[PDB]
**Student:** 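Below is the structure I would like to discuss, written out as structure tokens.
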2 protein chains.
Amino acid sequence: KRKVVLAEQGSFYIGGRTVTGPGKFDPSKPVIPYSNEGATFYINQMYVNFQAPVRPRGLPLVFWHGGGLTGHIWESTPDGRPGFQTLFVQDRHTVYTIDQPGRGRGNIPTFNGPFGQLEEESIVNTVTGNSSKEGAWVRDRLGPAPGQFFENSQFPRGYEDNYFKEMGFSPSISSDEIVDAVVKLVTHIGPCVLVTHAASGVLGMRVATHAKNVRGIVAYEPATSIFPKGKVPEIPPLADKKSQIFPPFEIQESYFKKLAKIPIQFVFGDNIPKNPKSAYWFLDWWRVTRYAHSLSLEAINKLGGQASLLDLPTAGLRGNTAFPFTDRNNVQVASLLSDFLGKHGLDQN
Amino acid sequence: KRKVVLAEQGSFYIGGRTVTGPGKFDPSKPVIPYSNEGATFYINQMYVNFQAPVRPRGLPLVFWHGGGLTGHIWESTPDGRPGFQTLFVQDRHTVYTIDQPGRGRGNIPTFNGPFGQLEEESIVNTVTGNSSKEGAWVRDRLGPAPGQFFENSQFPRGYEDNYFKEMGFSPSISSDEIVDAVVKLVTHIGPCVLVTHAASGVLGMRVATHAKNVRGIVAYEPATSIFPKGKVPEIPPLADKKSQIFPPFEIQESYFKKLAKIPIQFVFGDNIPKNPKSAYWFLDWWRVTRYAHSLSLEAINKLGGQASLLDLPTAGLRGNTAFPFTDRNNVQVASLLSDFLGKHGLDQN
Ligand SMILES: CCOC(=O)c1ccccc1S(=O)(=O)NC(=O)Nc1nc(Cl)cc(OC)n1
Ligand SMILES: CCOC(=O)c1ccccc1S(=O)(=O)NC(=O)Nc1nc(Cl)cc(OC)n1
């Protein structure tokens, strides 16, 4: 059912700073080609979209895309089925979707000169990085190798091109400045729930430690674990005995403790191996990363928290990729999110 | 005024091509840091958003942002009032809003290496260009100089930060590929009307010559004129006696003649001087640019066309900037668009 009734919708920019070129702006001189002379540039701002239902219930949801993605992934699946934006406006929540600084409609900080360079200052690096289709195929666990699907896959087959077209690079904006923009959004919104994904998992945890308005977190397949400073547990290398997962983020314990004050759920899909898998690097990477997250959640619970790990196969859902919210069974995944919101009173006024 | 009822909404990717790095992808080797080895990259694809009302009447509208912009400018004004997307869904049209290749949720083609470079191939230039706040202020005719406003201005004063935060750079993707993506969209949708702005003006004219499904064009402040090959009239240089306007685009007469088969309206706001203005480059640029457009429309009409120029002040609207659809009087600007659609039956089934 695709119908949606909105009390209001719109979008806006929030956060960011400015940087300035040298010299002066003279309106009598040719303005094009564009010049850094007398220039003021707005950089690192974030794009925010909102859709509000009639008679909302409970807290607004802020959907935060994963690495190299945009708010598109909450709008529609690659095969054109409704995304979580539609599903949760229908579930009577106001829904915010963002494009974080450096992605989509967020700002890409570049000027007149080599990419990212403002005269002699490097605002972001000129050299970029970006996953290939092949790297994303195995990262997202469509299958063990590019072009191959797990038998049980919930991926919308036949729409591979549509899916990979949604992905791209991120300039080297500091994570601090990305967190700063979302903290400012949370200040503007009021009490809310963060729904994060992959690379935004660790960022949403950080935002919660700076923003008491975050009243709950649901993180789909978070990519980087978080621990109190100096208390990172033993985490093994990968099966190739040379690689490691992402270095866990460490925060002051007084900030980490704020994570124990709200309900937190990490959600993982299927086909993460239980045993070392040296033939398939990213499958093994997910094995050890999920393990590190289990230890992170345990650390929160030992501070009095309520942090849980939901493996979708234990709930009866088999074959999900790293994007469970755009898989073929995304309505069932959404139902589990509604269950979490209902258990914790986040769907009541 | 804010309530919107959607039979369906969503977004999707369309257009683009693929490029590749050397070698083969091995899933047992570390996938991160990302590599060009064995890589397939999707590049130059376009993001498309659609909102459809219950029981649409007439043709879908395709809103195409100007230079360095995104579909945000059709969603909301800088001060948060409804944009043309909401207004025309309420006016019973299905509305498509795009982020063209190179902008917003469209693809920015870059890889592992210096910006835009895939091994030894330069997909897009590493050196970028980007307007300052000051350049944009005078380009968009907020006032003759940064910080100043024209009398009776319709700009949402006080929301300059929001406004300028929506602007950014565009990589050097060829115009051919941008036009290609929209031609593909037009085929997918079927008969439609293109509503363009500034830089997308000339591109929309080109799309229409390649796509019969374009049944009408409304262009807000187009930046580049279009003429038949070898038939560009004499265009005076600017008052500084050194600058000129954008070199007019020239196409084969066969293609140019297609523009005479559909209704076309160019819409201009206020404060474009009638006489030479050497002290204000962009004001003078706009004077001669509008003059060139008048001759372009004359050429279309001499081939049997239905082309017209609408100056908002003559319609009773004073103070508009180069973004009349986000100005304080944008509802009145929308009414004039509805009038054009009604005159040509483009609001009827
Ligand atoms: C599903 C969309 O993709 C992701 O978010 C994702 C998922 C798993 C692993 C890495 C990423 S990532 O590419 O975004 N990377 C990161 O999460 N951050 C990151 N951290 C480190 Cl230490 C290195 C690195 O290199 C690209 N990248
Ligand atoms: C409202 C956003 O601003 C515009 O769309 C706009 C308006 C007037 C002039 C130029 C642009 S532009 O910067 O987008 N540029 C172009 O339209 N194209 C363009 N053509 C040429 Cl031959 C040169 C050039 O240099 C920046 N740029």
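For the numbers below, each heavy atom of this structure counts, side chains included, while hydrogens, waters and symmetry mates do not. Chain identifiers are assigned alphabetically (A, B, ...) following the order of the sequence lines, protein sequences preceding nucleic acid strands; residue numbering begins at 1 within each chain.
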**Student:** Do the side chain of B/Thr128 and the main chain of A/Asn112 share a donor and acceptor less than 3.5 angstrom apart?
**Tutor:**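 A pair under 3.5 Å: no.
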**Student:** Given that the side chain runs from C-beta out, which part of A/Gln45 has a heavy atom under 4.5 Å from chain B: side chain, backbone, both or neither?
**Tutor:**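 Side chain only.
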**Student:** Can you tell whether the side chains of A/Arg105 and B/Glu75 come within less than 4.0 Å, N to carboxylate O?
**Tutor:**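 The answer is yes: the pair qualifies as a salt bridge.
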**Student:** Measuring heavy-atom distances to chain B, does A/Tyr163 have an atom under 4.5 Å in its side chain, in its backbone, in both, or in neither?
**Tutor:**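 Answer is neither: A/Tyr163 stays 4.5 Å or more from chain B.
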**Student:** Measure A/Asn49 against the heavy atoms of chain B and call it side chain, backbone, both or neither at under 4.5 Å.
**Tutor:**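 Contact with chain B involves the side chain of A/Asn49 alone.
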**Student:** Are the side chain of A/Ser132 and the backbone of B/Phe41 linked by a donor-acceptor contact shorter than 3.5 Å?
**Tutor:**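 Flag not set: sc A/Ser132 to bb B/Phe41 has no pair under 3.5 Å.
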**Student:** Tell me whether A/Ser76 contacts the main-chain N or O of B/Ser11 through its side chain, where contact means a donor paired with an acceptor under 3.5 Å.
**Tutor:**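 Looks like yes, one N/O pair under 3.5 Å.
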**Student:** Given 3.5 Å as the limit, does a donor-acceptor pair link the side chain of A/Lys165 with the main chain of B/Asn44, or not?
**Tutor:**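 The answer is no, because no donor-acceptor pair under 3.5 Å joins these two groups.
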**Student:** With a 4.5 angstrom heavy-atom cut-off, which part of A/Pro144 approaches chain B: side chain, backbone, both or neither?
**Tutor:**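 Looking at A/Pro144, just its backbone touches chain B.
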**Student:** Please state whether the side chain, the backbone, both or neither of A/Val31 comes within less than 4.5 Å of a heavy atom of chain B.
**Tutor:**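 For A/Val31, backbone and side chain are both near chain B.
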**Student:** For the ring pair B/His72 and A/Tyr13, is the centre-to-centre distance below 6.0 Å?
**Tutor:**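 Yes, the ring of B/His72 comes within the 6.0 Å limit of the ring of A/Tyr13, centre to centre.
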**Student:** Inspect the contact between B/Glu134 and A/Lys24 and indicate whether a charged nitrogen and a carboxylate oxygen are less than 4.0 angstrom apart.
**Tutor:**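 Salt bridge between A/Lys24 and B/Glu134, a charged N being under 4.0 Å from a carboxylate O: no.
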**Student:** Under 4.5 Å heavy-atom distance to chain B, tell me which part of A/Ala7 shows up: side chain, backbone, both or neither.
**Tutor:**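 When you check distances to chain B, only backbone atoms of A/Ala7 fall under 4.5 Å.
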**Student:** Taking side chain as everything from C-beta outward and backbone as N, CA, C, O, which of these in A/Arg139 sits under 4.5 Å from a heavy atom of chain B? Side chain, backbone, both or neither.
**Tutor:**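 For A/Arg139, the side chain is the part near chain B, not the backbone.
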**Student:** Could you walk me through whether B/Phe25 and A/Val138 pass the side chain to side chain contact (heavy atoms under 4.5 Å, CB included) check?
**Tutor:** CA-CA 11 Å; B/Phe25 182 88; A/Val138 297; 4.0 Å; yes
